[PDB]
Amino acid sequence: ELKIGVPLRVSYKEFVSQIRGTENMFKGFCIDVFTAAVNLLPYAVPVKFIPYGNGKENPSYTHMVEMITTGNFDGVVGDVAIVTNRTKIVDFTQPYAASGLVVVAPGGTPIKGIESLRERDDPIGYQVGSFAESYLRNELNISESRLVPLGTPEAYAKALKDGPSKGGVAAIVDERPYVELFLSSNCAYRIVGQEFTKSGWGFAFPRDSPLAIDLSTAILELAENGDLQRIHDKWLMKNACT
């Protein structure tokens, strides 16, 4: 039986959430894709889902996958971005979902995209627990003093509404899937500029794990048979603002 870590999310639970009143039962987009993929393997993969997080805020996704390296988890199933400090310690599947960072802002301010954000010195929101914090600090050399962690779409909206002068932010940098859910309930805001990274989401296993290989073939079959799109439509259909 594999001990599979699953992020205990407090927000954007469409992706993955613990079933209320349970410790080990989960649902969501990421769970349905993992189940559908495992069901295409020619061998059984018995799993027990183990929540990772304190239940009060979204967990550190990098710390979650580090639990594979110490042997606490046999793998991690969730909305986990396939980024370099993680691929060097664990093996991911190929992406089952596309992702990448975008800039969210009000229209009609100096923030037109990531370059105008880096040229300026305004506070920038990011999602609690996300790789985006390290990406902004290390890849783009944004001062840690500008970076404001936000835990929920209500927190995103309050920070954007308040803006830099009232303890909020000029813009939020986060992965497109979260941002599309956010904007569908918060149309006063928009993506400005282009998606400027492109790491997808994968399932994570120990280095050299054949599961990371075999499940990428299963992903091909879900993509071809229309099940990846059907599971997307089940959980993530949203009301466009435009």
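In case it trips you up, residue 1 is the first one in the sequence shown, and so on.
Enquirer: At least a third of the other compared entries: do they leave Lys3 without coordinates?
Expert: Result for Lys3: never missing in the compared entries.
Enquirer: Is it true that at least a third of the other compared entries have no coordinates for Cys241?
Expert: That residue is present in all of the other compared entries.
Enquirer: Decide which of the stretches 106 to 114 and 122 to 130 has the higher mean C-alpha B-factor, going by the entry.
Expert: Comparing averages over the C-alpha atoms only gives 106 to 114.
Enquirer: What stretch has the higher average Cα B-factor here, 140 to 148 or 78 to 86?
Expert: For C-alpha atoms only, the mean B-factor is higher in 140 to 148.
Enquirer: Kindly indicate the residue among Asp214, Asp32, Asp208, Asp174 with the greatest C-alpha B-factor in the PDB record.
Expert: Answer for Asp214, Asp32, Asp208, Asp174: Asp208, with the highest C-alpha B-factor.
Enquirer: When you compare the CA B-factors of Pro95, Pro153, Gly163, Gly100 as listed in the entry, which one comes out on top?
Expert: Highest C-alpha B-factor among the listed residues goes to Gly163.
Enquirer: Is the Cα B-factor recorded for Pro42 in the lowest, middle or highest third of its chain?
Expert: According to the entry, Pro42 has a C-alpha B-factor in the chain's highest third.
Enquirer: When the modelled residues of the chain are sorted by Cα temperature factor, does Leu228 land in the lowest, middle or highest third?
Expert: Highest third - that is where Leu228 ends up once the chain's C-alpha B-factors are sorted.
Enquirer: Among all modelled residues of this chain, ranked by Cα B factor, put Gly193 in the bottom, middle or top third, i.e. lowest, middle or highest.
Expert: For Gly193, whose C-alpha B-factor we compare with every modelled residue in the chain, the answer is the highest third.
Enquirer: Divide the modelled residues of the chain into thirds by Cα B-factor and specify which third, lowest, middle or highest, holds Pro59.
Expert: Answer is middle: the recorded C-alpha B-factor places it there.
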